[PDB]
């Protein structure tokens, strides 16, 4: 069940953003959204794919453990912040694409397909090359599917050891307050065109008191200056919902 909440529209209009926010209290059996249609529309995951990629990396033994350090070979990487040794949490938090490209290569297409089928992850379409299907290939996932996936992860219900799910959940912590804890991941496929915008994501969950809130935000983006809106729009909504 997905219910439309019209009051959330104001955050989108004020910024002239075409986007969707899906928010679910307790569980994904009853989510709310600004846009029913877009809630289930499927977009490139981009770096939000680091969440299942990290779990799969761990499950297959490609990532040896929680403490593995991904060493930089000294060769140029697309962003300077990726040019350094990284922990799993570090590689996730700076969205170190080439670290995860190599994890994916080692996982391989057969195992990647299998796990995306186990995880019910989007259209499960990994075509486009093993090291780029989430960024420029055919893989698509909706805000609703993101939230279902994240809930399973939260409950340790994915087809993966509890251990590996905890390892990844810790790597996803992005805000700690006395009141609440935020686990989240951003994604950004690029700017595309005016006529064919890229997509920007912020997905995760918030634990406040004894409650949990699963969230997925996405927006069309054709200009990188608009990127911070992927956090300020959903944060504003959750602030006024009294969540963060």
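Numbering follows the first chain given and starts at 1.
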Worksheet item: Of 126 to 134 and 95 to 103, which one has the bigger average CA B-factor?
Response: 126 to 134
Worksheet item: With respect to the recorded C-alpha B factors, which stretch has the higher mean value, 190 to 198 or 31 to 39?
Response: 190 to 198
Worksheet, complete the sentence: Tertile call for residue 14 (CA temperature factor, within chain, third-based) is the highest
Discussion item. Please place residue 20 in the lowest, middle or highest third of its chain according to the CA B-factor in the PDB entry.
Written reply: lowest
Fill in: Lowest, middle or highest third - CA B-factor, residue 65
highest
Discussion item. By the recorded C-alpha temperature factor, relative to the other modelled residues in its chain, which third is residue 111 in?
Written reply: lowest
Discussion item. Per the entry's values, where does residue 78 land by CA temperature factor relative to the rest of its chain, in the lowest, middle or highest third?
Written reply: middle
